[PDB]
Every structure is written in C-alpha cells, then in structure tokens.
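**Student:** Structure below; questions to follow.
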Amino acid sequence: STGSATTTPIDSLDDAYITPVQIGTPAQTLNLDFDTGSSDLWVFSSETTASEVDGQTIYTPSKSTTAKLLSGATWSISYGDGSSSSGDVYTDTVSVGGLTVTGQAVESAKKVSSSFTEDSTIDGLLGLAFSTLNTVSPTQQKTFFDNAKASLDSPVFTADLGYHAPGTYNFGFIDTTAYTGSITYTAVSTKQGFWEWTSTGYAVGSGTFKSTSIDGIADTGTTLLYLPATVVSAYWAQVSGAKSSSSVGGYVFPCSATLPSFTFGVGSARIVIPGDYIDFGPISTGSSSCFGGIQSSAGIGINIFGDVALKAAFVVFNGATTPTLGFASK
Ligand SMILES: O[C@H](COCc1ccccc1F)CN1CCCC1
C-alpha cells in the first residue's frame, strides 16, 4: 500500500504545516501537524476542556463506530518549546492520503497548553519519530508509520515541504519526479528516539564550505533551524545590522536586508537554503526588525534541522531495519 497527502503552511510565514487526516467511521477529518520530532498522535476532542478549545476541529469518539476506549491508558507530553498536552486514549481507524491503519492509538486531549489553544489551525499532532518516545502509559503505543510499515510497498515516508506553498507527505514510496539529482543517504542513530544524524558541514552564502560534524535531528515539527552558536554567529555576521537580542529571544535583522543562503552538508552532497527561507518577518506587527530563521541551539541541548532546512530538500525517512535519512535537492 501507499499514501499521499498534501501539506499546507498554516500562515504566510510557514510557521507550521497541516495535513488532513481521516479518523473514525464515518470519517472525521482533522488537520494535523506531522511531527518527526515526537511520537504521539493526539487530537483536540470532545473531551478537551471547553475553555481550551478555540476554533479547532475536534474528534468525537462517541460518533465513531470503530472507536474503542483503550482501558486505563493515559498520555502526557511536554515538548521542547514548553508546550504540553495530556489525556486519554482510544483506538480507531486512521487514514492519511488513502493509506489506512486500523487500531491506531488516537490520543484524545483532555488538557492542552495555551499555545495549542491559540492556534486555531492545528487540530492535533501526528508523531513520526520512533515509537520508543510515545508517552502512552502503562502500555506504550506505536506511531502511525510504525503500524503502517508492514503493509507499505517500501518502509519509508517522505517529506516535501513547500516554501510559502503546499507540499506533500508520501508513505510507502519515493516519487522520483519530486526532486533533482540523486538522494544522498546518511546514517541515523535511534538511541534518543529521534531521526538523529550528522551533517558534514556548512557554508554561508558564496563562502567556502567548512567541513565539520554537526549532530542533529530532522524535525518537521520545529519551524526553525537550530545550530551551534559558532555556526549561527558566522551566518549572522554576514548580515549588516543583525544581532542577538535577549529581549526578543534570538537573532534579529533589518527587514530591509537581503539574506545570504545557508548550505548544509549531507555526506559529500550539499543542500542550499535560499536566503529568503531564513526571513521570518517582523518581530511584532509593523516592526522593521525581523526574526531570523537560523538560531542558536545552545539553550536546547540538541541541534534541530527544522522546517527552514527541511523545506529546501526532498527528505526520505527510511524506516528499514537499520533506519537512514535521505536528502535530495529539488
Ligand atoms: O518542540 C518543538 C520545537 O523544539 C525546538 C525548540 C524551539 C524553541 C524553543 C525550545 C525548543 F526546544 C516545537 N514543536 C511544535 C509542535 C510540537 C513541538
């Protein structure tokens, strides 16, 4: 089997991407944030504290003939950015772009933190990291991909995120028309539950490539590119007026600037992020100070290849017995 679904930026800055997902019988379609940095499929639901729902579409398991309460199971998750959610668990039929999994754990939110409430466009998350990170207790549950894997033509999914445009998540096949050149594959460590890999270096604009190992994760659920302070300082030093602002919470730059590209290495291959991808617009409405798309990971504990990086590539998440990651230009 295979599946193919269009993913759409939630706003004009590509702050996140949503993908329609069918849950239950008859289908209830919710728009979920596909997140390769976590491993829970959770949704706003009929059980969510009413005051914490503001515009989201909810899953109502009582209206699904295939929904079953997973007795005694609960979940609670705290993300790297400080947001959180928790609740109970159902199993139900879940379909993405024509690919159907029966008995998928669908985690129903009873509580969500303010940042989720405040984002009316995101009805939940669909985690695509390794199932070892799943928070369901006392019996850990499998991700959608993990459940689908055996049935897929090939045990892979691909992320093809657009810049200010729709893109595609495919399951079970590689669309050879979706990228240019070849796909370069690189090793993955699953020890921390993430799609963790090692970049071979970087360049800033037309500058010389610096060969240096940078360990990090491929995370579709993170908006920006978080890299070591040395790397980030070298990038922003090329932008007149750019500076790190403690008050704003990162590097900012004049909105009048044209930004240089940023290149990262994948083996002997190179992925180039155009400068425009690195512009996240005014820090506040009407400001001429703009927020940078490349930020320091110093406060995080891990480097994160988020959407800023991933949208410059066609990315293969290879879930074979020995997982790997593939990157191609597009
Ligand atoms: O947790 C990710 C972002 O992680 C990186 C990060 C960004 C900013 C501050 C601290 C951090 F760790 C956001 N995702 C959004 C949906 C689930 C998590």
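Ordering of the structure tokens sets the chain letters (A, B, ...); residue numbers start at 1 within each chain; ligands are numbered from 1 in the order shown.
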List as an mmCIF file with N, CA, C and O atoms, in the first residue's frame the protein and nucleic acid residues lying within 8 Å of ligand 1, with only C-alpha atoms and all ligand atoms counted.
**Tutor:**
data_model
loop_
_atom_site.group_PDB
_atom_site.id
_atom_site.type_symbol
_atom_site.label_atom_id
_atom_site.label_comp_id
_atom_site.auth_asym_id
_atom_site.auth_seq_id
_atom_site.Cartn_x
_atom_site.Cartn_y
_atom_site.Cartn_z
ATOM 1 N N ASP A 33 -0.563 18.422 12.536
ATOM 2 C CA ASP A 33 0.819 18.824 12.351
ATOM 3 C C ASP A 33 1.686 17.567 12.391
ATOM 4 O O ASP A 33 1.884 16.979 13.460
ATOM 5 N N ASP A 35 4.831 15.550 12.760
ATOM 6 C CA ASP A 35 5.975 15.945 13.577
ATOM 7 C C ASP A 35 6.989 14.807 13.707
ATOM 8 O O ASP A 35 6.794 13.884 14.502
ATOM 9 N N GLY A 37 9.663 14.896 15.118
ATOM 10 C CA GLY A 37 10.332 15.046 16.399
ATOM 11 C C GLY A 37 9.563 14.543 17.611
ATOM 12 O O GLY A 37 10.016 14.712 18.739
ATOM 13 N N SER A 38 8.415 13.909 17.398
ATOM 14 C CA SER A 38 7.681 13.315 18.518
ATOM 15 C C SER A 38 6.925 12.088 18.045
ATOM 16 O O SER A 38 6.930 11.779 16.860
ATOM 17 N N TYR A 79 6.694 19.285 25.217
ATOM 18 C CA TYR A 79 7.579 19.493 24.077
ATOM 19 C C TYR A 79 8.736 20.421 24.430
ATOM 20 O O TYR A 79 8.714 21.089 25.466
ATOM 21 N N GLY A 80 9.739 20.461 23.561
ATOM 22 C CA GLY A 80 10.930 21.258 23.803
ATOM 23 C C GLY A 80 10.690 22.750 23.943
ATOM 24 O O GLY A 80 11.483 23.451 24.572
ATOM 25 N N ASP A 81 9.599 23.242 23.360
ATOM 26 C CA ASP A 81 9.304 24.672 23.375
ATOM 27 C C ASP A 81 8.456 25.079 24.577
ATOM 28 O O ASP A 81 8.026 26.225 24.680
ATOM 29 N N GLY A 82 8.213 24.136 25.480
ATOM 30 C CA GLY A 82 7.469 24.425 26.690
ATOM 31 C C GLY A 82 5.981 24.129 26.628
ATOM 32 O O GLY A 82 5.292 24.228 27.642
ATOM 33 N N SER A 83 5.476 23.771 25.448
ATOM 34 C CA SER A 83 4.056 23.460 25.308
ATOM 35 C C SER A 83 3.773 22.038 25.795
ATOM 36 O O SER A 83 4.695 21.248 25.993
ATOM 37 N N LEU A 125 -1.480 16.701 16.604
ATOM 38 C CA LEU A 125 -0.183 16.309 16.071
ATOM 39 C C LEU A 125 -0.194 14.852 15.669
ATOM 40 O O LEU A 125 -0.878 14.037 16.297
ATOM 41 N N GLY A 221 8.343 19.138 12.898
ATOM 42 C CA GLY A 221 7.503 19.875 13.822
ATOM 43 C C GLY A 221 8.162 21.091 14.444
ATOM 44 O O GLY A 221 7.552 21.766 15.257
ATOM 45 N N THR A 222 9.415 21.349 14.081
ATOM 46 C CA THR A 222 10.112 22.551 14.521
ATOM 47 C C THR A 222 10.223 23.498 13.329
ATOM 48 O O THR A 222 10.594 23.076 12.238
ATOM 49 N N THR A 223 9.883 24.769 13.537
ATOM 50 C CA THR A 223 9.847 25.739 12.444
ATOM 51 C C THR A 223 11.232 26.117 11.939
ATOM 52 O O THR A 223 11.470 26.159 10.727
ATOM 53 N N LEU A 224 12.146 26.374 12.864
ATOM 54 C CA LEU A 224 13.431 26.976 12.525
ATOM 55 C C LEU A 224 14.599 25.988 12.505
ATOM 56 O O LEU A 224 14.448 24.799 12.790
ATOM 57 N N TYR A 226 18.071 25.224 14.199
ATOM 58 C CA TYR A 226 18.842 25.492 15.419
ATOM 59 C C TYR A 226 20.195 24.806 15.345
ATOM 60 O O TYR A 226 20.276 23.576 15.278
ATOM 61 N N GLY A 299 20.810 26.863 24.077
ATOM 62 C CA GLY A 299 19.883 26.672 25.183
ATOM 63 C C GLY A 299 19.032 25.411 25.132
ATOM 64 O O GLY A 299 18.254 25.152 26.052
ATOM 65 N N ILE A 300 19.189 24.614 24.077
ATOM 66 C CA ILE A 300 18.296 23.474 23.818
ATOM 67 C C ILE A 300 18.894 22.116 24.173
ATOM 68 O O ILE A 300 18.188 21.229 24.656
ATOM 69 N N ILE A 304 18.756 21.151 15.767
ATOM 70 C CA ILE A 304 17.494 20.770 15.138
ATOM 71 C C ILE A 304 17.417 21.273 13.714
ATOM 72 O O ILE A 304 17.391 22.481 13.472
#
**Student:** Compile the contact shell of residue 322 in chain A as a VMD selection string: residues with an atom at most 10 Å away, counting only C-alpha atoms, same-chain residues fewer than 6 positions apart removed.
**Tutor:** chain A and resid 187 to 190
**Student:** Would you mind telling me which residue in A:177, A:164, A:129, A:241 lies nearest to residue 308 in chain A when using only C-alpha atoms?
**Tutor:**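 For residue 308 in chain A, the nearest of the candidates is A:164.
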**Student:** With distances taken over only C-alpha atoms, which of A:6, A:288, A:240, A:28 is nearest to residue 170 in chain A?
**Tutor:** A:6
**Student:** Would you return as a ChimeraX atom specification the members of range 130-315 of chain A that DSSP assigns to alpha helix (DSSP H) on this structure's backbone?
**Tutor:** /A:144-148,229-236,307-310
**Student:** With distances taken over only C-alpha atoms, which residue among A:64, A:101, A:275, A:122 lies nearest residue 150 in chain A?
**Tutor:**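 Closest to residue 150 in chain A, using only C-alpha atoms: A:101.
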**Student:** I'd like the interatomic distance between CA of residue 14 in chain A and CA of residue 329 in chain A, to a tenth of an Å.
**Tutor:**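 Going from CA of residue 14 in chain A over to CA of residue 329 in chain A, I get 19.2 Å.
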